[PDB]
């Protein structure tokens, strides 16, 4: 998932943040929140040796483009049915994020889905998204993602539905899902009319998928007192629910 990620040991990892993992408006370039989540989940799974079920990450401070991000993993428990870990991200010893992650995978249970995918057009029947927010020329994460509008002429209030596809053809693994889940700030800009910053990221993974299109199905249901919240469901191209996510955001104003 992250070739540039270096493991010092079980528990300690580091990665230098390059333009490919950076976002921001002109004049700003920092590590994409979703990438932070992806990295936290990656190091947790790699340290524990089992797949992520869910994770929550709180953003404490910004990680500028070019920083070395140190990730430290603490395993709180690892039994036959479940493991739990915490992952701290630091730059130069400064805390930039902390997280709690549950890991596990049990045999003997069926896969079940009660939720039904919204009836959006298939990807090749959707136009490119020409309204992504302006980005610093050195913040190039978004350049690596193909985005199409899936919401149609009458998308409901507060909703944003995008087809997303990694240009690098990576599978729709935990890392990819964590990254796509952090497209909620774009949904906020649409809901408000203003092209906020995340306070946190939460991801709940039901299953992964092979490379392809992901329906990024978002809602911003409410805001008050300078903050907003959003929820997202990540589907494959065939209506299978891969993951859900959510976050709260600090409004620009």
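Numbering follows the first chain given and starts at 1.
In this entry, residue 58 and residue 59 are joined directly, with no residue of the deposited sequence lacking coordinates between them. As recorded in the PDB entry, 25 to 33 is the stretch of 207 to 215 and 25 to 33 with the greater mean C-alpha temperature factor. Note on 243 to 251 vs 4 to 12: mean CA B-factor is higher in 4 to 12. Note on 100, 158, 133, 123: the highest value goes to 133, judged by CA B factor as recorded.
Going by the entry's values, 83 shows the largest Cα B-factor out of 116, 83, 177, 147. In this PDB entry, the Cα temperature factor of residue 181 sits in the bottom third of its chain's modelled residues, the lowest group.
In the PDB entry, a CA B factor belonging to the middle third of its chain's modelled residues is recorded for residue 202. Sort the chain's modelled residues by C-alpha temperature factor and residue 189 lands in the middle third, per the entry. Remark: residue 228 belongs to the lowest third of its chain, ranked by C-alpha B-factor as recorded. Ranked by C-alpha B-factor against the other modelled residues of its chain, residue 112 falls in the lowest third.
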